[PDB]
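Undergrad: Please find target-v7.txt (compact mmCIF, C-alpha atoms and all ligand atoms) on the next line:
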# COMPACT_ATOMS: atom_id res chain seq x y z
CA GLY E 4 2.03 121.09 31.10
CA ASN E 5 4.45 120.19 33.80
CA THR E 6 3.09 116.92 35.09
CA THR E 7 5.43 113.98 35.35
CA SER E 8 3.76 111.43 37.61
CA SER E 9 5.07 108.05 38.74
CA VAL E 10 3.62 104.66 39.59
CA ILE E 11 5.40 102.07 41.68
CA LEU E 12 5.42 98.51 40.41
CA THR E 13 5.52 95.17 42.17
CA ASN E 14 7.84 92.44 41.01
CA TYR E 15 6.69 88.94 41.43
CA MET E 16 9.39 86.44 40.68
CA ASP E 17 10.80 88.50 37.91
CA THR E 18 7.94 87.38 35.71
CA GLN E 19 5.11 89.71 36.55
CA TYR E 20 5.34 93.43 36.94
CA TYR E 21 2.28 95.33 37.95
CA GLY E 22 0.96 98.47 39.52
CA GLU E 23 -2.12 100.14 40.93
CA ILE E 24 -4.96 102.00 39.33
CA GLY E 25 -8.25 103.23 40.69
CA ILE E 26 -11.52 103.14 38.81
CA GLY E 27 -14.56 105.08 39.77
CA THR E 28 -15.65 107.47 42.46
CA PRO E 29 -14.80 106.42 45.10
CA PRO E 30 -11.90 104.64 43.57
CA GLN E 31 -11.76 100.91 43.21
CA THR E 32 -8.18 99.74 43.03
CA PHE E 33 -6.83 97.08 40.76
CA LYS E 34 -3.51 95.59 39.98
CA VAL E 35 -2.67 95.86 36.33
CA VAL E 36 0.12 95.04 33.95
CA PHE E 37 1.22 97.94 31.84
CA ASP E 38 1.48 96.41 28.43
CA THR E 39 3.10 98.18 25.49
CA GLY E 40 2.08 95.26 23.33
CA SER E 41 -1.59 95.88 23.73
CA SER E 42 -3.86 98.87 23.57
CA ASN E 43 -6.91 98.17 25.65
CA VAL E 44 -7.83 98.49 29.29
CA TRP E 45 -9.71 95.76 31.15
CA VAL E 46 -10.42 94.64 34.72
CA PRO E 47 -12.67 92.00 36.09
CA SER E 48 -16.31 92.74 36.50
CA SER E 49 -18.67 92.19 39.36
CA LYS E 50 -20.74 90.67 36.66
CA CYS E 51 -18.29 87.88 36.13
CA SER E 52 -19.77 84.61 37.15
CA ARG E 53 -17.99 82.81 39.90
CA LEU E 54 -17.98 79.89 37.55
CA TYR E 55 -14.80 81.48 36.43
CA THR E 56 -12.47 80.92 39.25
CA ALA E 57 -10.34 83.75 38.12
CA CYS E 58 -13.16 86.11 38.97
CA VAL E 59 -13.34 84.55 42.28
CA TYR E 60 -9.67 84.95 43.01
CA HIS E 61 -9.27 88.39 41.60
CA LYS E 62 -10.73 91.75 42.41
CA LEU E 63 -13.92 92.82 40.64
CA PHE E 64 -15.09 96.19 39.42
CA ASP E 65 -18.60 97.12 40.56
CA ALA E 66 -20.17 99.75 38.32
CA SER E 67 -22.94 100.37 40.71
CA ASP E 68 -20.68 101.51 43.52
CA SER E 69 -19.40 104.37 41.36
CA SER E 70 -20.79 107.83 40.75
CA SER E 71 -18.71 108.54 37.66
CA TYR E 72 -19.73 105.41 35.88
CA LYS E 73 -21.30 105.72 32.55
CA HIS E 74 -22.88 102.77 30.82
CA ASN E 75 -21.97 101.66 27.34
CA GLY E 76 -22.31 97.94 27.31
CA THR E 77 -20.90 97.16 23.93
CA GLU E 78 -19.35 93.72 23.76
CA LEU E 79 -15.61 93.32 23.85
CA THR E 80 -13.37 90.37 23.11
CA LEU E 81 -9.62 90.42 23.68
CA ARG E 82 -7.12 87.87 22.40
CA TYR E 83 -3.74 87.20 23.79
CA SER E 84 -1.25 84.61 22.91
CA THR E 85 -2.64 82.73 25.76
CA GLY E 86 -6.01 83.71 27.11
CA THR E 87 -9.06 85.20 25.49
CA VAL E 88 -11.12 87.56 27.55
CA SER E 89 -14.64 88.82 27.10
CA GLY E 90 -16.96 91.48 28.36
CA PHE E 91 -18.47 94.84 27.71
CA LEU E 92 -17.47 98.48 27.67
CA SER E 93 -17.88 100.93 30.50
CA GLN E 94 -16.71 104.41 31.13
CA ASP E 95 -15.36 105.72 34.33
CA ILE E 96 -12.55 107.72 35.69
CA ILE E 97 -9.21 106.16 36.08
CA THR E 98 -6.32 107.37 38.21
CA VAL E 99 -2.73 106.58 37.38
CA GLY E 100 -0.24 108.28 39.54
CA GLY E 101 -1.65 111.71 40.03
CA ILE E 102 -3.36 111.77 36.73
CA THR E 103 -7.03 111.25 36.43
CA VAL E 104 -8.53 110.38 33.14
CA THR E 105 -11.94 109.57 31.97
CA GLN E 106 -11.52 106.33 30.13
CA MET E 107 -13.25 103.64 28.20
CA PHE E 108 -12.40 100.18 29.36
CA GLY E 109 -13.57 96.63 29.28
CA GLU E 110 -15.30 95.02 32.18
CA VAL E 111 -14.51 91.36 31.91
CA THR E 112 -17.15 88.71 32.39
CA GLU E 113 -15.34 85.69 31.06
CA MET E 114 -11.80 85.06 32.38
CA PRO E 115 -10.23 81.65 31.85
CA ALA E 116 -8.32 79.83 34.50
CA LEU E 117 -5.49 79.54 32.11
CA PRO E 118 -3.91 81.86 32.42
CA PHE E 119 -5.45 84.20 34.94
CA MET E 120 -5.54 81.71 37.71
CA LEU E 121 -1.82 82.28 37.52
CA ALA E 122 -1.95 86.04 37.57
CA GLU E 123 -0.84 88.00 40.55
CA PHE E 124 -2.53 90.93 38.84
CA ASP E 125 -6.14 91.85 38.12
CA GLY E 126 -6.26 93.36 34.66
CA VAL E 127 -4.22 95.02 32.04
CA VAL E 128 -3.76 98.54 30.90
CA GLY E 129 -2.55 98.60 27.32
CA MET E 130 0.06 101.16 26.42
CA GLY E 131 -0.02 100.57 22.70
CA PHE E 132 -1.36 102.60 19.83
CA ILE E 133 -5.03 103.07 18.88
CA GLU E 134 -4.21 101.26 15.69
CA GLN E 135 -4.19 98.09 17.70
CA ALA E 136 -6.99 98.73 20.09
CA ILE E 137 -9.87 96.36 19.79
CA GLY E 138 -13.07 98.19 19.03
CA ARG E 139 -11.08 101.26 18.23
CA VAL E 140 -11.29 102.33 21.83
CA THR E 141 -9.11 105.26 22.56
CA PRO E 142 -6.28 103.97 24.64
CA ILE E 143 -5.47 105.43 28.01
CA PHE E 144 -2.25 107.27 27.07
CA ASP E 145 -3.76 109.10 24.15
CA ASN E 146 -6.45 110.36 26.50
CA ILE E 147 -3.84 111.56 28.89
CA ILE E 148 -2.06 113.37 26.11
CA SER E 149 -5.35 114.96 25.34
CA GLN E 150 -5.45 116.20 28.82
CA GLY E 151 -2.39 118.19 27.96
CA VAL E 152 -0.70 117.75 31.29
CA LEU E 153 2.53 115.85 30.83
CA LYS E 154 5.83 117.57 30.29
CA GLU E 155 6.72 115.41 27.37
CA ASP E 156 4.50 112.97 25.56
CA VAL E 157 6.52 109.97 26.63
CA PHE E 158 6.47 107.26 29.26
CA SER E 159 9.19 105.12 30.79
CA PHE E 160 9.74 101.81 32.44
CA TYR E 161 12.17 100.62 35.05
CA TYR E 162 12.03 96.95 35.99
CA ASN E 163 14.03 95.49 38.83
CA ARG E 164 15.51 92.21 39.87
CA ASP E 165 13.48 90.55 42.50
CA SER E 166 14.81 91.07 45.93
CA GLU E 167 14.27 89.55 49.35
CA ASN E 168 14.25 93.06 50.79
CA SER E 169 11.02 94.68 51.74
CA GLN E 170 12.52 98.03 50.86
CA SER E 171 13.56 97.12 47.35
CA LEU E 172 11.57 98.73 44.57
CA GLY E 173 10.25 96.26 42.06
CA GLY E 174 9.55 98.60 39.24
CA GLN E 175 8.52 102.03 38.31
CA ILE E 176 6.70 103.65 35.49
CA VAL E 177 6.87 107.32 34.70
CA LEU E 178 4.26 109.33 32.88
CA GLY E 179 5.73 112.16 30.90
CA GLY E 180 9.34 111.42 31.50
CA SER E 181 12.05 109.21 32.74
CA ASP E 182 13.65 109.02 36.14
CA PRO E 183 17.42 109.30 36.07
CA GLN E 184 17.79 107.69 39.37
CA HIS E 185 17.23 104.57 37.44
CA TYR E 186 19.36 104.95 34.35
CA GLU E 187 22.94 105.95 33.73
CA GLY E 188 24.01 108.11 30.88
CA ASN E 189 22.00 109.24 27.97
CA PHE E 190 19.36 107.55 25.99
CA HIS E 191 20.03 105.96 22.66
CA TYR E 192 16.96 106.40 20.52
CA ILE E 193 15.68 104.15 17.86
CA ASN E 194 12.86 105.19 15.56
CA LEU E 195 9.79 103.10 15.13
CA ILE E 196 9.24 101.45 11.82
CA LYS E 197 5.87 103.04 11.79
CA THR E 198 3.47 104.62 14.20
CA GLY E 199 0.97 102.32 15.78
CA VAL E 200 3.26 99.65 17.13
CA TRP E 201 6.12 99.88 19.54
CA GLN E 202 8.35 98.01 17.19
CA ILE E 203 11.74 98.64 15.72
CA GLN E 204 14.28 97.09 13.42
CA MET E 205 16.87 94.68 14.59
CA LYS E 206 20.12 94.15 12.69
CA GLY E 207 21.18 90.83 14.14
CA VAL E 208 21.23 88.52 17.06
CA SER E 209 24.57 87.22 18.31
CA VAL E 210 25.47 84.27 20.39
CA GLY E 211 29.01 85.07 21.25
CA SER E 212 31.34 86.42 18.58
CA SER E 213 29.52 84.83 15.65
CA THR E 214 26.35 86.41 14.26
CA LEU E 215 23.96 83.54 14.42
CA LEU E 216 20.48 85.02 13.99
CA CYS E 217 18.31 87.63 12.41
CA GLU E 218 21.35 87.98 10.33
CA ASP E 219 19.58 89.74 7.58
CA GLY E 220 17.49 91.84 9.87
CA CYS E 221 14.31 91.29 11.75
CA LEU E 222 11.69 92.87 13.83
CA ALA E 223 11.75 93.83 17.49
CA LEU E 224 8.72 94.66 19.54
CA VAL E 225 9.41 96.34 22.84
CA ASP E 226 6.92 94.64 25.12
CA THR E 227 6.45 95.51 28.74
CA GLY E 228 3.72 92.94 28.96
CA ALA E 229 6.09 90.14 28.26
CA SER E 230 8.11 88.20 30.86
CA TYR E 231 10.70 86.63 28.70
CA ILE E 232 12.41 87.55 25.55
CA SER E 233 10.84 85.85 22.59
CA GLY E 234 11.66 84.88 19.09
CA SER E 235 10.36 82.78 16.30
CA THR E 236 10.28 79.15 16.85
CA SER E 237 12.97 78.78 14.25
CA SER E 238 15.08 81.58 15.63
CA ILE E 239 14.79 80.27 19.13
CA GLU E 240 15.47 76.66 18.30
CA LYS E 241 18.80 77.58 16.82
CA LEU E 242 19.72 79.93 19.62
CA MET E 243 18.82 77.19 22.04
CA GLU E 244 20.95 74.70 20.26
CA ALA E 245 23.76 77.13 20.43
CA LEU E 246 23.50 77.17 24.18
CA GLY E 247 23.10 73.48 24.74
CA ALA E 248 19.83 74.33 26.26
CA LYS E 249 17.23 71.70 26.63
CA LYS E 250 13.52 71.69 26.13
CA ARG E 251 11.00 70.84 28.64
CA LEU E 252 7.28 71.21 28.52
CA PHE E 253 7.08 74.80 29.76
CA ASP E 254 10.60 76.03 29.52
CA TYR E 255 14.13 75.99 28.34
CA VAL E 256 16.83 74.78 30.72
CA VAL E 257 20.48 74.17 31.29
CA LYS E 258 22.19 72.42 34.07
CA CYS E 259 22.24 74.95 36.90
CA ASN E 260 26.05 74.76 36.97
CA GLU E 261 26.71 75.50 33.41
CA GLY E 262 24.80 78.76 33.23
CA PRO E 263 27.46 81.16 34.23
CA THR E 264 29.73 80.07 31.38
CA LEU E 265 27.17 80.44 28.66
CA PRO E 266 27.78 82.94 25.98
CA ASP E 267 26.44 86.45 25.94
CA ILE E 268 23.46 87.22 23.77
CA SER E 269 23.53 90.47 21.90
CA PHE E 270 20.75 92.25 20.19
CA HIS E 271 21.78 94.73 17.60
CA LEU E 272 19.53 97.73 17.65
CA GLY E 273 20.00 101.21 16.35
CA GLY E 274 23.52 100.44 15.37
CA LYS E 275 24.61 99.50 18.87
CA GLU E 276 25.04 96.10 20.49
CA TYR E 277 22.75 95.42 23.42
CA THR E 278 24.15 92.65 25.46
CA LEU E 279 22.83 90.23 28.01
CA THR E 280 25.08 87.91 29.88
CA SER E 281 23.96 84.59 31.27
CA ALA E 282 23.51 86.41 34.52
CA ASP E 283 20.77 88.40 32.90
CA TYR E 284 19.24 85.31 31.27
CA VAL E 285 19.41 82.29 33.53
CA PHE E 286 17.37 82.11 36.68
CA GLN E 287 20.08 80.67 38.72
CA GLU E 288 18.38 78.95 41.62
CA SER E 289 21.36 76.84 42.46
CA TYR E 290 24.62 75.96 40.74
CA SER E 291 24.19 72.24 41.15
CA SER E 292 25.21 70.13 38.22
CA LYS E 293 22.36 68.12 39.30
CA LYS E 294 19.64 70.66 38.93
CA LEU E 295 18.23 72.31 35.84
CA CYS E 296 17.91 75.92 35.38
CA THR E 297 15.34 78.00 33.50
CA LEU E 298 16.24 80.50 30.83
CA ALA E 299 14.16 83.58 30.38
CA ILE E 300 13.78 83.21 26.69
CA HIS E 301 11.15 81.24 24.87
CA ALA E 302 9.59 80.91 21.49
CA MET E 303 6.51 82.85 20.63
CA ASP E 304 5.38 83.09 17.04
CA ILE E 305 3.45 86.26 16.83
CA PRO E 306 1.37 86.38 13.72
CA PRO E 307 0.97 88.99 11.09
CA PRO E 308 0.56 91.87 10.88
CA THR E 309 2.87 92.40 13.96
CA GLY E 310 4.83 89.21 13.47
CA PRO E 311 6.99 87.54 12.90
CA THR E 312 8.85 89.49 15.49
CA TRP E 313 11.11 89.24 18.46
CA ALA E 314 9.61 90.61 21.58
CA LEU E 315 11.84 92.27 24.08
CA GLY E 316 10.36 91.59 27.46
CA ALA E 317 11.31 92.11 31.06
CA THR E 318 14.39 90.08 30.64
CA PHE E 319 15.63 92.88 28.45
CA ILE E 320 13.99 95.76 30.30
CA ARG E 321 15.69 94.78 33.45
CA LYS E 322 18.96 95.72 31.87
CA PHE E 323 17.75 98.60 29.87
CA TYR E 324 15.66 101.42 31.11
CA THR E 325 13.16 102.12 28.36
CA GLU E 326 11.61 105.35 27.26
CA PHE E 327 8.63 105.14 24.94
CA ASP E 328 8.25 108.33 22.99
CA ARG E 329 4.88 109.18 21.52
CA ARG E 330 5.77 112.56 20.07
CA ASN E 331 8.86 111.51 18.23
CA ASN E 332 7.93 107.90 17.54
CA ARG E 333 11.12 106.59 19.06
CA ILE E 334 12.09 104.24 21.74
CA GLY E 335 14.90 105.14 24.01
CA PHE E 336 17.27 102.82 25.81
CA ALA E 337 19.68 103.54 28.70
CA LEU E 338 21.48 101.32 31.22
CA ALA E 339 19.26 100.55 34.11
CA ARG E 340 20.16 101.18 37.65
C1 LIG Y 401 6.23 91.93 32.90
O1 LIG Y 401 4.94 91.55 33.39
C2 LIG Y 401 4.48 90.32 32.83
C3 LIG Y 401 3.07 90.01 33.34
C4 LIG Y 401 2.75 88.55 33.08
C5 LIG Y 401 2.69 88.25 31.58
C6 LIG Y 401 2.44 86.76 31.32
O2 LIG Y 401 3.67 86.15 31.70
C7 LIG Y 401 1.31 86.25 32.21
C8 LIG Y 401 1.67 85.40 33.27
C9 LIG Y 401 0.76 84.84 34.15
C10 LIG Y 401 -0.58 85.13 33.97
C11 LIG Y 401 -0.97 85.96 32.92
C12 LIG Y 401 -0.05 86.52 32.03
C13 LIG Y 401 -0.67 87.38 30.97
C14 LIG Y 401 -1.41 86.78 29.97
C15 LIG Y 401 -2.03 87.58 29.00
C16 LIG Y 401 -1.92 88.98 29.05
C17 LIG Y 401 -1.19 89.59 30.06
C18 LIG Y 401 -0.58 88.77 31.01
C19 LIG Y 401 2.19 86.35 29.85
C20 LIG Y 401 2.27 84.84 29.64
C21 LIG Y 401 1.73 84.49 28.24
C22 LIG Y 401 2.74 85.00 27.22
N1 LIG Y 401 3.11 86.42 27.48
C23 LIG Y 401 2.52 87.33 26.60
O3 LIG Y 401 2.19 86.92 25.51
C24 LIG Y 401 2.41 88.82 26.94
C25 LIG Y 401 2.60 89.71 25.71
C26 LIG Y 401 2.32 91.08 26.26
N2 LIG Y 401 2.06 92.04 25.16
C27 LIG Y 401 1.11 90.82 27.16
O4 LIG Y 401 -0.09 91.15 26.42
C28 LIG Y 401 1.12 89.35 27.55
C29 LIG Y 401 3.21 86.92 28.89
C1 LIG Y 402 -20.78 103.35 23.38
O1 LIG Y 402 -19.70 103.47 22.48
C2 LIG Y 402 -20.10 103.12 21.15
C3 LIG Y 402 -18.92 102.96 20.17
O2 LIG Y 402 -18.08 104.11 20.11
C4 LIG Y 402 -21.14 104.14 20.67
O3 LIG Y 402 -21.59 103.90 19.34
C5 LIG Y 402 -21.44 105.08 18.48
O4 LIG Y 402 -22.17 106.26 18.89
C6 LIG Y 402 -22.00 107.38 18.02
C7 LIG Y 402 -22.58 108.67 18.61
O5 LIG Y 402 -23.90 108.49 19.08
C8 LIG Y 402 -22.56 107.00 16.63
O6 LIG Y 402 -22.62 108.10 15.75
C9 LIG Y 402 -21.66 105.89 16.08
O7 LIG Y 402 -22.04 105.48 14.79
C10 LIG Y 402 -21.70 104.67 17.01
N1 LIG Y 402 -20.72 103.69 16.59
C11 LIG Y 402 -21.03 102.41 16.33
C12 LIG Y 402 -19.90 101.51 15.91
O8 LIG Y 402 -22.18 101.98 16.43
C13 LIG Y 402 -22.33 104.08 21.60
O9 LIG Y 402 -23.21 105.10 21.24
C14 LIG Y 402 -21.94 104.28 23.05
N2 LIG Y 402 -23.08 103.89 23.86
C15 LIG Y 402 -23.61 104.54 24.91
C16 LIG Y 402 -24.77 103.85 25.57
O10 LIG Y 402 -23.24 105.61 25.38
Turn this file's structure into C-alpha cells for me.
TA:
Amino acid sequence: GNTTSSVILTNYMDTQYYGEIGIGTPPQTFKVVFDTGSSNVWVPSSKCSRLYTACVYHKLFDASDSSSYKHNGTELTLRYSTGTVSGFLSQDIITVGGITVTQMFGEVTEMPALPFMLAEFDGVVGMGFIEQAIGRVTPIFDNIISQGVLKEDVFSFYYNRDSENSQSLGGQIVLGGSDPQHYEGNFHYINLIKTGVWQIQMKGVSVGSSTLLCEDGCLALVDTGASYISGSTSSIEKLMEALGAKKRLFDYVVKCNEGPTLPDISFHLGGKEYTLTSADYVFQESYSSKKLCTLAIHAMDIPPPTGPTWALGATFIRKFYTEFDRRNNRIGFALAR
C-alpha cells in the first residue's frame, strides 16, 4: 500500500511521551504510551471500581457506548517492572493516525496508584512482538500489517526535548516510515538478535576514553516505553561511581554545577559509537553547586528471558531517531532533529 500515517506525541517533563488513540464507534479517545518493550494494548475500563483512584483520575473505556464492540471477557493480567494491571479482553476498532484496525485489547479493572496515579497517560499500546504478548493476543502492529496498507512494514519514533513553547512538537510516531524532517543523514541499521524482541547486541559502554562496561558485550533493548536509560544494577553502580554520582531514594544525582563537565557516555552498537554528552543526560535545573541534579539513567534489572539487558529509553531516543523495522528485523538509528 501507500499509507504512511503519523501520530503526534506529547512530552511531559521529558519522562512521558504519549499520543492519542480512539476506541469504538463513536471513538473514545485515550492517551497511550507507545511501548516497544511490551506487546499488549490496554486502557482503563468503565468497569474499574473507583476504589482505584487511578480509574478515577484517568479516562475510562465504556463498551456499551460503542457499536463496534465485541465481547470476549477473558481475563488478562499484565506485569511491568512497576505496576501490575488486570482486566479482561474486548474487541473494538482502534484508530491510530489514519489507520483503523480491529483490535483485541485489555480493559483494565484493577489499576494501582503506584504507578498510574503518576501517569499523565491513560493506557499503553505495546509495539512489541507477539512472542511477548500476554495471552498470545495479536499485537496492534501485526494487525495493521495484515491490513496491507503501509508503504513499508516499519515504524519510527521521534522524541523531543521539552519546551516552554506551545508550538514545539513533543514527539512523533510514524506508521510505515520515517519522517526526514526529524533526522539527518541516513540510517545505520542493526539487526535484531532474534525476532520477537526489539533487542540488539551491544559491544561496550564507555565512560570517556576508557571502556568501562559491557566490555565483553551485552544486550540492548530499544524501549520507547522507558524514560531513562537502564542497566544492570552492577553495570549502573560502576558507571555511577565513574561519574561521582550519588544515590538517593528515587534517583541518581550530581551537584547541579558539576554536570556539564561530566564525561560522555558512549554506547557501542552496530560497530559505531553512539554518544551522549552530559547535556543529553543531566536534567540541569540550575547550575548551583548547592543543588543536586538528576541523571536520566537508573538501574533496572530485567529478568530472563529478556534480561539481563540495557534498555535504551527516551534519554537515548531523544538523540537518535529510531526506525523499527518489522520486515527486515532491524533497528535503524539516525541523528534526531
Ligand atoms: C517515554 O514514555 C515513558 C512513559 C512513562 C514510563 C514510566 O516512566 C512511567 C511513569 C509514570 C507512570 C507510569 C509509567 C509506566 C509504568 C508501567 C508501564 C508504562 C508506563 C515507567 C516507570 C517504571 C519503569 N519504566 C518501565 O519499566 C517502562 C519499560 C517500558 N517497556 C514500559 O513498559 C514501562 C518506565
Ligand atoms: C475470546 O478469545 C479467546 C482466546 O483467543 C477465544 O477462545 C478460543 O476460541 C477458539 C474459536 O472458537 C477456540 O477454538 C480456541 O480453542 C479458544 N482458545 C482458548 C485458549 O480457549 C474465545 O472464543 C473468544 N471469546 C468470545 C466470546 O468471542
Undergrad: Find the residue from E:272, E:117, E:108, E:60 that sits nearest to residue E:191; use only C-alpha atoms when measuring.
TA: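 Of all the options, E:272 lies closest to residue E:191.
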Undergrad: So that each row is one residue of chain E with an atom at most 9 Å from ligand LIG 402 (chain Y), can you give its shortest atom pair and the distance in Å to one decimal, using all atoms listed in the file, rows by chain and rising number, as JSON lines?
TA:
{"residue": "E:73", "atom": "CA", "partner": "Y:LIG402", "partner_atom": "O10", "distance": 7.4}
{"residue": "E:74", "atom": "CA", "partner": "Y:LIG402", "partner_atom": "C16", "distance": 5.7}
{"residue": "E:75", "atom": "CA", "partner": "Y:LIG402", "partner_atom": "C16", "distance": 4.0}
{"residue": "E:76", "atom": "CA", "partner": "Y:LIG402", "partner_atom": "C16", "distance": 6.6}
{"residue": "E:77", "atom": "CA", "partner": "Y:LIG402", "partner_atom": "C1", "distance": 6.2}
{"residue": "E:92", "atom": "CA", "partner": "Y:LIG402", "partner_atom": "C1", "distance": 7.3}
{"residue": "E:93", "atom": "CA", "partner": "Y:LIG402", "partner_atom": "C1", "distance": 8.1}
{"residue": "E:94", "atom": "CA", "partner": "Y:LIG402", "partner_atom": "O10", "distance": 8.8}
{"residue": "E:107", "atom": "CA", "partner": "Y:LIG402", "partner_atom": "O1", "distance": 8.6}
{"residue": "E:138", "atom": "CA", "partner": "Y:LIG402", "partner_atom": "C3", "distance": 7.6}
{"residue": "E:139", "atom": "CA", "partner": "Y:LIG402", "partner_atom": "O2", "distance": 7.8}
{"residue": "E:140", "atom": "CA", "partner": "Y:LIG402", "partner_atom": "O2", "distance": 7.2}
Undergrad: Export, as a compact mmCIF listing (two decimals), in the frame of the given file, the selected residues with C-alpha atoms.
TA:
# COMPACT_ATOMS: atom_id res chain seq x y z
CA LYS E 73 -21.30 105.72 32.55
CA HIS E 74 -22.88 102.77 30.82
CA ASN E 75 -21.97 101.66 27.34
CA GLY E 76 -22.31 97.94 27.31
CA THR E 77 -20.90 97.16 23.93
CA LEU E 92 -17.47 98.48 27.67
CA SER E 93 -17.88 100.93 30.50
CA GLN E 94 -16.71 104.41 31.13
CA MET E 107 -13.25 103.64 28.20
CA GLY E 138 -13.07 98.19 19.03
CA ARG E 139 -11.08 101.26 18.23
CA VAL E 140 -11.29 102.33 21.83
Undergrad: Could you check the closest approach to residue E:11 for each of E:319, E:160, E:119, E:313 and tell me which residue wins, using all atoms listed in the file?
TA: E:160
Undergrad: Name the residues in contact with residue E:284 at a cut-off of 6 Å, using all atoms listed in the file, excluding same-chain residues fewer than 3 positions from it; report them as a list in words.
TA: residues 281, 298 and 299 of chain E
Undergrad: Compile a residue-level contact table for stretch 223-336 of chain E against stretch 17-21 of chain E at a cut-off of 10 Å, reporting for every qualifying residue the shortest atom pair and its distance in Å to one decimal, with only C-alpha atoms counted, rows ordered by chain and ascending number, as CSV.
TA:
residue,atom,partner,partner_atom,distance
E:227,CA,E:20,CA,8.5
E:228,CA,E:20,CA,8.2
E:229,CA,E:18,CA,8.2
E:230,CA,E:18,CA,4.9
E:231,CA,E:18,CA,7.6
E:286,CA,E:17,CA,9.2
E:299,CA,E:18,CA,9.0
E:316,CA,E:18,CA,9.6
E:317,CA,E:18,CA,7.4
E:318,CA,E:17,CA,8.3
E:321,CA,E:17,CA,9.1
Undergrad: Create the file for the chosen residues now, containing C-alpha atoms and written as a compact mmCIF listing (two decimals), in the frame of the given file.
TA:
# COMPACT_ATOMS: atom_id res chain seq x y z
CA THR E 227 6.45 95.51 28.74
CA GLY E 228 3.72 92.94 28.96
CA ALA E 229 6.09 90.14 28.26
CA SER E 230 8.11 88.20 30.86
CA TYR E 231 10.70 86.63 28.70
CA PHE E 286 17.37 82.11 36.68
CA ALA E 299 14.16 83.58 30.38
CA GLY E 316 10.36 91.59 27.46
CA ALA E 317 11.31 92.11 31.06
CA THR E 318 14.39 90.08 30.64
CA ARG E 321 15.69 94.78 33.45
Undergrad: So, with all atoms listed in the file as the atoms that count, which of E:302, E:176, E:104, E:66 lies closest to residue E:148?
TA: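 Using all atoms listed in the file, residue E:148 sits closest to E:104.
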Undergrad: Specify the axis-aligned box that encloses all atoms of stretch 15-19 of chain E listed in the file after padding of 6 Å on each side, stating its centre and edge lengths in Å to one decimal as JSON.
TA:
{"center_x": 8.0, "center_y": 88.1, "center_z": 38.6, "size_x": 17.7, "size_y": 15.3, "size_z": 17.7}
Undergrad: Point out the residue among E:186, E:83, E:277, E:33 with the least atom-to-atom distance to ligand LIG 401 (chain Y), counting only C-alpha atoms and all ligand atoms.
TA: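 Answer, going by the shortest atom-to-atom distance: E:83.
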Undergrad: May I have the residues within 7 Å of residue E:334 as number ranges by chain, using all atoms listed in the file and disregarding those fewer than 4 positions away in the same chain?
TA: E: 192-194, 326-328
Undergrad: If we count only C-alpha atoms and set the cut-off at 10 Å, which residues sit around residue E:145, ignoring sequence neighbours fewer than 2 positions away in its own chain? Please answer as a VMD selection string.
TA: chain E and resid 130 to 133 141 to 143 147 to 151 156 329
Undergrad: Rounded to one decimal in Å, what is the spacing between atom CA of residue E:53 and atom CA of residue E:88?
TA: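 So the two atoms, atom CA of residue E:53 and atom CA of residue E:88, lie 14.9 Å apart.
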Undergrad: Please compute the atom CA of residue E:99-atom CA of residue E:25 distance, one decimal, in Å.
TA: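 Interatomic distance here is 7.3 Å.
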Undergrad: Find the residues near stretch 210-218 of chain E: any atom within 12 Å, counting all atoms listed in the file, skip ones fewer than 3 places away on the same chain, and give them as a PDB file with C-alpha atoms, in the frame of the given file.
TA:
ATOM      1  CA  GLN E 204      14.280  97.090  13.420  1.00  0.00           C
ATOM      2  CA  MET E 205      16.870  94.680  14.590  1.00  0.00           C
ATOM      3  CA  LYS E 206      20.120  94.150  12.690  1.00  0.00           C
ATOM      4  CA  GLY E 207      21.180  90.830  14.140  1.00  0.00           C
ATOM      5  CA  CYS E 221      14.310  91.290  11.750  1.00  0.00           C
ATOM      6  CA  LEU E 222      11.690  92.870  13.830  1.00  0.00           C
ATOM      7  CA  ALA E 223      11.750  93.830  17.490  1.00  0.00           C
ATOM      8  CA  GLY E 234      11.660  84.880  19.090  1.00  0.00           C
ATOM      9  CA  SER E 235      10.360  82.780  16.300  1.00  0.00           C
ATOM     10  CA  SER E 237      12.970  78.780  14.250  1.00  0.00           C
ATOM     11  CA  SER E 238      15.080  81.580  15.630  1.00  0.00           C
ATOM     12  CA  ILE E 239      14.790  80.270  19.130  1.00  0.00           C
ATOM     13  CA  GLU E 240      15.470  76.660  18.300  1.00  0.00           C
ATOM     14  CA  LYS E 241      18.800  77.580  16.820  1.00  0.00           C
ATOM     15  CA  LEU E 242      19.720  79.930  19.620  1.00  0.00           C
ATOM     16  CA  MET E 243      18.820  77.190  22.040  1.00  0.00           C
ATOM     17  CA  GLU E 244      20.950  74.700  20.260  1.00  0.00           C
ATOM     18  CA  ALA E 245      23.760  77.130  20.430  1.00  0.00           C
ATOM     19  CA  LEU E 246      23.500  77.170  24.180  1.00  0.00           C
ATOM     20  CA  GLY E 247      23.100  73.480  24.740  1.00  0.00           C
ATOM     21  CA  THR E 264      29.730  80.070  31.380  1.00  0.00           C
ATOM     22  CA  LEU E 265      27.170  80.440  28.660  1.00  0.00           C
ATOM     23  CA  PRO E 266      27.780  82.940  25.980  1.00  0.00           C
ATOM     24  CA  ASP E 267      26.440  86.450  25.940  1.00  0.00           C
ATOM     25  CA  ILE E 268      23.460  87.220  23.770  1.00  0.00           C
ATOM     26  CA  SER E 269      23.530  90.470  21.900  1.00  0.00           C
ATOM     27  CA  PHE E 270      20.750  92.250  20.190  1.00  0.00           C
ATOM     28  CA  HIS E 271      21.780  94.730  17.600  1.00  0.00           C
ATOM     29  CA  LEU E 272      19.530  97.730  17.650  1.00  0.00           C
ATOM     30  CA  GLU E 276      25.040  96.100  20.490  1.00  0.00           C
ATOM     31  CA  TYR E 277      22.750  95.420  23.420  1.00  0.00           C
ATOM     32  CA  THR E 278      24.150  92.650  25.460  1.00  0.00           C
ATOM     33  CA  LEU E 279      22.830  90.230  28.010  1.00  0.00           C
ATOM     34  CA  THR E 280      25.080  87.910  29.880  1.00  0.00           C
ATOM     35  CA  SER E 281      23.960  84.590  31.270  1.00  0.00           C
ATOM     36  CA  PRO E 311       6.990  87.540  12.900  1.00  0.00           C
ATOM     37  CA  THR E 312       8.850  89.490  15.490  1.00  0.00           C
ATOM     38  CA  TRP E 313      11.110  89.240  18.460  1.00  0.00           C
TER      39      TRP E 313
END
